[PDB]
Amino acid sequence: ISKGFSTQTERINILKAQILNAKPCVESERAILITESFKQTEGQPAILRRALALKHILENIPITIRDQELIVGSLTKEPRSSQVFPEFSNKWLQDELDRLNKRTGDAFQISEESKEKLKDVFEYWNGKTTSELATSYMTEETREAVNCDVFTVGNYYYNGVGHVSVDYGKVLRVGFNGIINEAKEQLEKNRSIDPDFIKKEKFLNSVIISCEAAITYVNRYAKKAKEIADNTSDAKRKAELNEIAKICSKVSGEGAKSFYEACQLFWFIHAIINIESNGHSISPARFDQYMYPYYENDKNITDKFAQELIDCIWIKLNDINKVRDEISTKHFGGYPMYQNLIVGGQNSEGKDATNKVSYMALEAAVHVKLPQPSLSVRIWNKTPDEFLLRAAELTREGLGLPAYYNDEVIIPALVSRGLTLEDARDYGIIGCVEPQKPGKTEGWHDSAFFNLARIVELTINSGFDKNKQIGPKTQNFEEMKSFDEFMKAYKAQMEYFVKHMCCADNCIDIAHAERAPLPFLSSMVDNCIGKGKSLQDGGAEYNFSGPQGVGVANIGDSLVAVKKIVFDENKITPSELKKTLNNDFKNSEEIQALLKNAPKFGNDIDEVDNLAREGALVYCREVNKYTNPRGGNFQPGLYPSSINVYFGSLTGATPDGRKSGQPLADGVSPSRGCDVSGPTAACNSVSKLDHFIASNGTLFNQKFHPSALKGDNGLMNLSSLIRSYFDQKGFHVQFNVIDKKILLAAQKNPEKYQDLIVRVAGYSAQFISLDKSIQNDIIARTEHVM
């Protein structure tokens, strides 16, 4: 039966309204402080510059405690706002200063004072960023490949890496002190005349300086809290602030003992990561697993307060924001941070791991109803029925939550990639759908987005685009007499651009290692202290790079149409198809119709489903060939963020009948309107892809009419739909459940729908913060009933 969800405290409503009422802006303090520090450290190795910079920022950055908070730590004075990270790139920001507040979606404010202060920042960091070094390392051929509108390596180019779940459990246990002491013991073991230990020493000292700065940072909140307490009339609130002060003083360097201590230290670990770097997808992962012991051992706290504290963490996760350039902003719409948090699943020995915190996590989603955190559940063969039903009940709330992940596939896929069975069983999710063993991995889980549709376009046009030969000169499509010749050309186009994408990624990898190795983040991931070298320098036990294919359904539908309509049935010649496509079907609607009526992916039709499989495997097999400077292997993924709209706008008409400039399909979802056989048939279709090889993750969106979720039956049916998809080896699935009228109404009167949350792809967003183009893509998705 459905138990419903409990009601959150009034404090939660007040804290939540601080997020929604805020006006996202760009603040300049961090930028000024890191600039000031770098000017003083020119003579220092990069790792020490990084340590000292973080110390300087942590010591002098403005601190804020917002009204009624129980969990403190704010990265910006204004809520839901963003600091600047000029160590990675900053010229885009200098270019956009005056139009940030004019954007359709993801608008940012910026004070005239901030503009003026950034001038010196732009001046100092000229030539000194990771982005500029990265470009220098790339060949000219690669630079051209990168600007062809085939792929983008922007993510780690313009901003930090992130995409990591640190060893939170460990830091919660031993505190920032424990990390420091571990670093000191390693320094002692490394006493040696071997020159190899010189650089390792600077790294270990950097870890120590960084963690000491962390302690300092926590203590500043301890002090501010007391100071506010001394100026508070209300006895209840005054006592909260005094308890905040007490807690911060303890977890400033010690490990947590009580639950409240765990929650506050958790957030400080998470917050400080986001101060050192603005790499997003900083993902809490198995929060239920490492937080539950602190809950269960706390024999005073009430379930109500434990939940309130959790709700406060939820709200804080929505306080972080990150400004991006106007182009990249299209890739990541809706102010997203992609902080993935997962509950349930199995433990190291393959037994179920559902605990009370697992359920409180689900409860928090309904208590807070904000876009963050990106809440997820692990599903496996012995998932408790009530757990899956509780997740289904969350789905019915229409927040887009939770995303569902298949242990049965992910575990073997990970072991395949070199993880032990124990490490694989303990996986969490990074960002949207990217699996890793937390505390042990530098995964690079969103190193690039790659446009598969463009490859099909270039196969047909023999690598010729906009009057330039941008790809290999593969066989003229006009002369092709078999579909096999087409697949070969398609493979050859793919080989060329995947090659330059990955080498470009490698150039960026080197740049980060060379100019932004992270002493603080590295200290919390296994092997870094022991090897005495940063994440960037290959310290992680596990290393990967993960570029994404985008346009899967488009590729399958295109390939089957080319195969059937042209090569099998000879309805049109290759020349005719090529011309119609370049003309965007102008005055050849009859040919467009033939293409549209070819079998479409998402209807359990093997002829097309298999070509979607093979079309995607071609991408995947190419990605598998590459290794990164950290000694790790590339692994492909298939998820779009919000880039399928932008990508689609850069893509000509395709053989599936899609007009030029139209959005590509999201993830591995069937194209809009193509899945006309019910959601089970679509699930069967998507499950035919190789979800094992795409171990950087695949993303499957479905959207239901609210009636489909109504009643116990609704929950039973969604649960049954999920299980059948997972039994057939699907990787991931997630559901929008919303009334179409509400989205259209939100478009017309945004101010009336400020709290409307919708699922984009691997994350949910505040609907009205999204650009109209992304809003329309979501509205246009197929709506199913059961």
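Don't overthink the numbering: it's just position in the shown sequence, from 1.
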477-485 or 419-427, whichever carries the higher mean Cα B-factor: 477-485
Higher-B stretch (mean Cα B-factor, as the entry records it), 722-730 or 747-755: 747-755
From 223, 280, 286, 596, residue of greatest CA B-factor: 223
From 273, 572, 511, 433, residue of greatest CA B-factor: 572
Entry-reported Cα temperature factor of residue 506, expressed as the chain third it lands in: lowest
Residue 591 CA temperature factor, ranked by third within the chain: highest
Chain third (lowest, middle, highest) by recorded CA B-factor, residue given as residue 769: lowest
Chain-wide C-alpha B factor ranking for residue 760, given as lowest, middle or highest third: lowest
Relative C-alpha B-factor of residue 302, binned into the chain's lowest, middle or highest third: highest
